[PDB]
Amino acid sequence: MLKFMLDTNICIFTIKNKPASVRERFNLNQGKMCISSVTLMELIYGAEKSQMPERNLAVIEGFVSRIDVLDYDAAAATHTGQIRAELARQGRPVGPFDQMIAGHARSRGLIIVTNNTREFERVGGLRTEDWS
């Protein structure tokens, strides 16, 4: 079964820097990792606005081919809506895509793997993990 949702940050990090520490983790957790389609959307945008789109798309393809891209569904949407209202109340600011990614993870009971970890902390009932 799946255990981990890689956030957008750890994906930009990993792809840019190819850190061998992360290479270890991936090899160990192969088959337990996924990303939200929302994050896929960001990576696609990355390549599209870059100097070498076709090239960057191909790197992203090899990454994506190795993991699961989860469809952002009604449960993910519902968790995100609740989460947005919960943070708005408590004046904790979190970015829109991060909100959807957080919602997606929580609705599947997955651990969110981040770079910073700080922003995702403010979300209730969400387990995180730093792989950088």
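Residue numbers run from 1 along the displayed sequence.
Per-stretch averaging of Cα B factors for 7 to 15 and 113 to 121 places 113 to 121 on top. Legend: mean Cα B-factor per stretch from the PDB entry, 74 to 82 versus 47 to 55; the higher mean is in 47 to 55. The entry assigns its greatest Cα B factor, within the set 88, 34, 40, 101, to 88. Sort the chain's modelled residues by C-alpha temperature factor and residue 66 lands in the middle third, per the entry.
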